[PDB]
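Per-entry structural report
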Amino acid sequence: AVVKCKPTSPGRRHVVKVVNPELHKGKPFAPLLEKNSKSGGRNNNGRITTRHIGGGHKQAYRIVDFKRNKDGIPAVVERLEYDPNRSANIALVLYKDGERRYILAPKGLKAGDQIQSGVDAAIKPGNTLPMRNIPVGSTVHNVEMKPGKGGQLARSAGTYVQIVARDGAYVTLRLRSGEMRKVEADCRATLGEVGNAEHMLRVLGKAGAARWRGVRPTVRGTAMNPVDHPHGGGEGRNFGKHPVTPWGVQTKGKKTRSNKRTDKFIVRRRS
Amino acid sequence: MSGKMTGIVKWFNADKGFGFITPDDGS
Amino acid sequence: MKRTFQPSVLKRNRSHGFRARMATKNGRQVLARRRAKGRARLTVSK
Amino acid sequence: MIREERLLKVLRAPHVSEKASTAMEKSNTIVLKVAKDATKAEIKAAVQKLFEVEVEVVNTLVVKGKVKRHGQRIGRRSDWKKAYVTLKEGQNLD
RNA sequence: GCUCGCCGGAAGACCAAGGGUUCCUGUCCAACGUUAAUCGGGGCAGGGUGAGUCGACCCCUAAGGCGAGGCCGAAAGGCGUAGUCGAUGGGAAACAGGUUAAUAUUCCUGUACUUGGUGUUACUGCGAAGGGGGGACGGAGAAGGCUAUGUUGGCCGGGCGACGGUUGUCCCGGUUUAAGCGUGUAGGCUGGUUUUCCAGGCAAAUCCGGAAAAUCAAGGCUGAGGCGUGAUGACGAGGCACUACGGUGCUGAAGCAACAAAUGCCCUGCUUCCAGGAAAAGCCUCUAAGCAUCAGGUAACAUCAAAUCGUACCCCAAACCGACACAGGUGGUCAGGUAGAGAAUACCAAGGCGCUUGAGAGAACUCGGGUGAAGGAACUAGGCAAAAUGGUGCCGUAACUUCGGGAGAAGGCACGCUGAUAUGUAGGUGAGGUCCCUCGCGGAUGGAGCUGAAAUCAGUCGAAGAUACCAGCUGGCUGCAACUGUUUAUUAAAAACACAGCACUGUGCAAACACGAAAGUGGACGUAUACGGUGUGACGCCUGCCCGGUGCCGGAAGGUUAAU
RNA sequence: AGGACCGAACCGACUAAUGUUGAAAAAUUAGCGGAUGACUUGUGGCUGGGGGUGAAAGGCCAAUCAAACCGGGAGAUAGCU
Ligand SMILES: [Mg+2]
Ligand SMILES: [Mg+2]
Ligand SMILES: [Mg+2]
Ligand SMILES: [Mg+2]
Ligand SMILES: [Mg+2]
Ligand SMILES: [Mg+2]
Ligand SMILES: [Mg+2]
Ligand SMILES: [Mg+2]
Ligand SMILES: [Mg+2]
Ligand SMILES: [Mg+2]
Ligand SMILES: [Mg+2]
Ligand SMILES: [Mg+2]
Ligand SMILES: [Mg+2]
Ligand SMILES: [Mg+2]
Ligand SMILES: [Mg+2]
Ligand SMILES: [Mg+2]
Ligand SMILES: [Mg+2]
Ligand SMILES: [Mg+2]
Ligand SMILES: [Mg+2]
Ligand SMILES: [Mg+2]
Ligand SMILES: [Mg+2]
Ligand SMILES: [Mg+2]
Ligand SMILES: [Mg+2]
Ligand SMILES: [Mg+2]
Ligand SMILES: [Mg+2]
Ligand SMILES: [Mg+2]
Ligand SMILES: [Mg+2]
Ligand SMILES: [Mg+2]
Ligand SMILES: [Mg+2]
Ligand SMILES: [Mg+2]
Ligand SMILES: [Mg+2]
Ligand SMILES: [Mg+2]
Ligand SMILES: [Mg+2]
Ligand SMILES: [Mg+2]
Ligand SMILES: [Mg+2]
Ligand SMILES: [Mg+2]
Ligand SMILES: [Mg+2]
Ligand SMILES: [Mg+2]
Ligand SMILES: [Mg+2]
Ligand SMILES: [Mg+2]
Ligand SMILES: [Mg+2]
Ligand SMILES: [Mg+2]
Ligand SMILES: [Mg+2]
Ligand SMILES: [Mg+2]
Ligand SMILES: [Mg+2]
Ligand SMILES: [Mg+2]
Ligand SMILES: [Mg+2]
Ligand SMILES: [Mg+2]
Ligand SMILES: [Mg+2]
Ligand SMILES: [Mg+2]
Ligand SMILES: [Mg+2]
Ligand SMILES: [Mg+2]
Ligand SMILES: [Mg+2]
Ligand SMILES: [Mg+2]
Ligand SMILES: [Mg+2]
Ligand SMILES: [Mg+2]
Ligand SMILES: [Mg+2]
Ligand SMILES: [Mg+2]
Ligand SMILES: [Mg+2]
Ligand SMILES: [Mg+2]
Ligand SMILES: [Mg+2]
Ligand SMILES: [Mg+2]
Ligand SMILES: [Mg+2]
Ligand SMILES: [Mg+2]
Ligand SMILES: [Mg+2]
């Protein structure tokens, strides 16, 4: 539920919360946690590789089953939890043999439902079965690219992938970007859309709400000196040049894909 | 002490002087 | 005002000490220069 | 068992002082200048053997050497070690 | 030595870092000390730092470093696995009193505690580099229960007043006591217990987790404080004696209660929110190979051991960083009284200082302040600076608005003391007493005593009652920027940057991109509701025409065109 | 509840005066802003010079920055003084 905040202060004037009351108001399941130390956008050389990253609230990592290998064994959904590491809510499930895991929560999933992976799985939202077992025209998520590697596609809050075709070993997918991609037909996929679809409906309201998320401020390039940026300089506001990166690469329109390895898997690019 | 003189010279010039004291560009 | 030397022996020895000099190649060349010049105190290290 | 040669090289000298005279007459404790590497057990064995007297406990401290100036040339005296040796009651020593 | 003045959330006390003998005693005054110096953080000599419990070391790990092999690289070398280092964090245990010229939770007295050993005695499943549990964790807020501590009363000892009065509703001082051990309270959490089974926890498992069934609602965990003991003790105002007048010795009264009360404790709690809040060991437990009555395990008792290093002194400073005995800078801990909302401010206590040149005189001028006739911004670039306002409670308060604000709008009234209501009220606290009880740190009742606002009425004093310190000037028009923030350390704090938001565009994951000759790493343990770049810069109404130029995208028939 | 309000600690540095061989190689006095947050602070760590970092002033990188410091090429060159 999106909740517009009352303007008792600037910084709450434009805030839209996304309140989900079904989430567990307690600590997460401890065995599935691990340390996630922050980086600052800095590599093993210590240099900043990707900018604007730093700070933010401390976050513990939740181990999430993307491979989804507990085949045949049904699992009931114990509770839904918040994951700070990602946009989608996660579900704590309990298998029959006593194993608990975290999965990505689908859209209509609630506490108490039964899910089941494997080939002999039914077709309801939550189940995971190979796309040679999945009917054409269905929306799936958490899609593997390679078999047994784990789901890599459609993991964000409201996403889904349509299955448009199948030719033997391959199925053709309609990705959320509009790209049509071939995937092997033995790769697992999970039924239904991912949960928190109204995640993009939030408004942070203020700058601190981005600093909570570790997003340091972005200096636009023309507000600099020419040694710093190509856009920099001018006596006033001057920009008489084509828009480039900080490293002198055209941004407005210039393509950067240079993978001739995966071009056979791309049916059509996005438009 | 010319060593305390070393201090004297080494850094009564490294004090660096502040600067001219008339905001005048004779421009 | 706050001046530029705020001492700490631990940081002094980790940064400029003997084993920090002997760790790397260039640090070993420093000790060879100071022995050749004939320094009494070869390093910081007491 | 500590060897007798080490026990003979542990003790250096008695330390005469007002605090030493007080501790000798009140707490029955002698104050010794000992070798620097000497431990408390080595001291207790040495006093129990070379003086033939019963040691209750040994307290130790390290004396830092002073920095002196002979003429105008700087110099530093040696660090030495000091032992408060508490004898049992009734025991006596010169 | 007597006065005076200053700090007193410090200009007092304890530490860390850092320094490194500056500590104490004797002696000296050449130099140092912004003067003299008999003095000194100065010179010279001597002395002084005592730990099983404090800290370090040590066991454990974080960020991160190193890194066998390894991968990569002209060489040097780079990264990094197993590992091994690395605190600022986790991990056993001691308190009170006395004492030195100088050390003390270290010595002494008293009373404790912890972990390892060996050794007997009983008992008998022991065992890990492995499994599980625990350690183990956020912000804010609300109270409640307490204590530290303070005040008053009581008690004891002393006093009866340099000047009117003061045997009393008078004055002064004291009224301290720990760790530990026992009790397990206010209060918080939790359903217990038994049996059977089980694709899980890399194998196993009696453990955890999960399925069943039965029985019992009542067991368990945690837990400040209190009480008792510790303690017939110690301390104790004072006295009694000697006195090197410094001291040392002996003796020693009362040692209670009520109220108020923390930012400290219960509280690593409870509630709530979103931005979703370290690890590992110690500890507990489970079994594996192994061992089979041996080894080992816990239980008691005894005994032994607990090493080594630091400990002096300054530590918001004359001892640290500033070249100085420099108006600078420096992290943590303690937090008395009166007034006060208060850690502000004023005066004081404990305690510590009077800032290492003074003496005069009382010109101009300068510095920092005080007051000012009449006028009241006429000054000036400009009301710069000054002056003024200033508190609590109540009344009342405009345009406009994003309906929150504006707004403390503006403006105004009251404010002291005494008495009465009421010899001190409402309220708070809560005793005795009585009753009940599955009986205790219990439950009712009860109201003593203590504490104690605020209001009204009457009176009264002064020029003035928020009397001192403290403590908003206000309003009107308008430009810019939405806002809070940031910035040129050392002439620029702004209209500049950032910002939430908007849009374009790239990117399908071995992502783009970026650092790297490379390996690799970040992005990201993320996957297009994501990430990067660019521009704009809340919100509201909007964002029009031009693709000729320059770019970019798409095209591939033709022309031209490289190495070969 | 709040990048909410007033306001000490704390952080900062808007104005004026002093001072300018200073008490001080940027401070004092009187006022000033924020003051539960994009806060601040201790300890330790990492990023290295055409490189870092930068809420971007060409700011900061040991009182030094339109390319640090030290040593070396090196007695650079100097139609200039
Ligand atoms: Mg960015
Ligand atoms: Mg932006
Ligand atoms: Mg920007
Ligand atoms: Mg600029
Ligand atoms: Mg350029
Ligand atoms: Mg222009
Ligand atoms: Mg133009
Ligand atoms: Mg002892
Ligand atoms: Mg010691
Ligand atoms: Mg005097
Ligand atoms: Mg005073
Ligand atoms: Mg000396
Ligand atoms: Mg002295
Ligand atoms: Mg002396
Ligand atoms: Mg003289
Ligand atoms: Mg003199
Ligand atoms: Mg001296
Ligand atoms: Mg340890
Ligand atoms: Mg590591
Ligand atoms: Mg390495
Ligand atoms: Mg190697
Ligand atoms: Mg280690
Ligand atoms: Mg530590
Ligand atoms: Mg002392
Ligand atoms: Mg474990
Ligand atoms: Mg927390
Ligand atoms: Mg009390
Ligand atoms: Mg009188
Ligand atoms: Mg009289
Ligand atoms: Mg009294
Ligand atoms: Mg007790
Ligand atoms: Mg001390
Ligand atoms: Mg002090
Ligand atoms: Mg002085
Ligand atoms: Mg000073
Ligand atoms: Mg006070
Ligand atoms: Mg004050
Ligand atoms: Mg005068
Ligand atoms: Mg005046
Ligand atoms: Mg006048
Ligand atoms: Mg007048
Ligand atoms: Mg005029
Ligand atoms: Mg005028
Ligand atoms: Mg003014
Ligand atoms: Mg004024
Ligand atoms: Mg105008
Ligand atoms: Mg602004
Ligand atoms: Mg600043
Ligand atoms: Mg800054
Ligand atoms: Mg400036
Ligand atoms: Mg300024
Ligand atoms: Mg990668
Ligand atoms: Mg702009
Ligand atoms: Mg346009
Ligand atoms: Mg065009
Ligand atoms: Mg083209
Ligand atoms: Mg605020
Ligand atoms: Mg000021
Ligand atoms: Mg404020
Ligand atoms: Mg410029
Ligand atoms: Mg500088
Ligand atoms: Mg350079
Ligand atoms: Mg250059
Ligand atoms: Mg040459
Ligand atoms: Mg030359």
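Calculation rules
Residues numbered from 1 in each chain as written, not as in the entry; some residues may be left out. Chains lettered and ligands numbered in written order. Part of a larger assembly, values for the part shown. Heavy atoms only, no water. Near = heavy atom within 4 Å. Polar contact = N/O pair within 3.5 Å; in protein donor to acceptor, adjacent residues only side chain to side chain. Patch = residues over 30% accessible without salt bridge, like charges linked within 9 Å, V, L, I, M, F, W, Y side chains within 5 Å. Areas by Shrake-Rupley, 256 points an atom, 1.4 Å probe, with all protein chains shown as cover. Salt bridge = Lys/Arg side-chain N within 4 Å of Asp/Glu carboxyl O. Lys, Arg positive; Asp, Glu negative; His and termini not counted. Charge placed at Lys NZ, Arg CZ, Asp CG, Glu CD. Helix = DSSP H or I, 4+ residues; strand = E, 2+ residues; numbered from the N terminus. Buried < 20%, exposed > 50% of the residue type's maximum accessible area, 1.4 Å probe, protein only. Core = buried A, V, L, I, M, F, W, Y, C linked by side-chain atoms within 4.5 Å. Contact = heavy atoms within 4.5 Å.

For the rest of this paragraph, the subject is the protein's contact with RNA strand F. Taken together, the neighbourhood of RNA strand F is formed by 33 residues, with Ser-9, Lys-206, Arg-216 and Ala-223 of chain A together with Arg-3 of chain C sitting nearest. Within 4 Å of the protein, the contacting atoms of RNA strand F are drawn from sugar and phosphate to the extent of 57%. With respect to RNA strand F, the backbone of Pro-10 of chain A contributes an N or O atom lying 3.0 Å from a phosphate oxygen. One of the side-chain N or O atoms of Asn-225 of chain A is found 3.0 Å from a sugar or linking oxygen in RNA strand F.

All names here are of chain A. Among the surface-exposed residues, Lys-146, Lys-149, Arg-261 and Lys-264 lie close enough to one another that they form a single positively charged patch. Tracing the sequence through the fold places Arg-261 in the loop between α1 (208-211) and β17 (266-268). Given the relative accessible area of 58%, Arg-261 is considered exposed.

Residues and elements named next belong to chain A. Residues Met-131, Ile-134, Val-140, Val-143, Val-161 and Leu-173 are the most contacted members of the largest nonpolar core, which totals 18 residues. At the level of secondary structure, the elements contributing two or more residues to this core comprise β13 (161-167), β14 (170-174) and β16 (188-191). With near-sequence residues (within four places) excluded, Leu-173 lies in contact with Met-131, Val-161, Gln-162, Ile-163, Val-164, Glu-179, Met-180, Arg-181 and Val-183.

We now examine the side chain of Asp-83 of chain A. Residue and element names in this part refer to chain A. Turning to its location among the elements, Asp-83 is positioned in the loop between β5 (74-81) and β6 (90-95). By relative accessible area, which is 2% here, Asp-83 ends up buried. A polar contact of 3.0 Å, which involves the side chain of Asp-83, links it to the side chain of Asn-85. What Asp-83 contacts, discounting residues up to four positions off in sequence, is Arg-62, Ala-88 and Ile-90.

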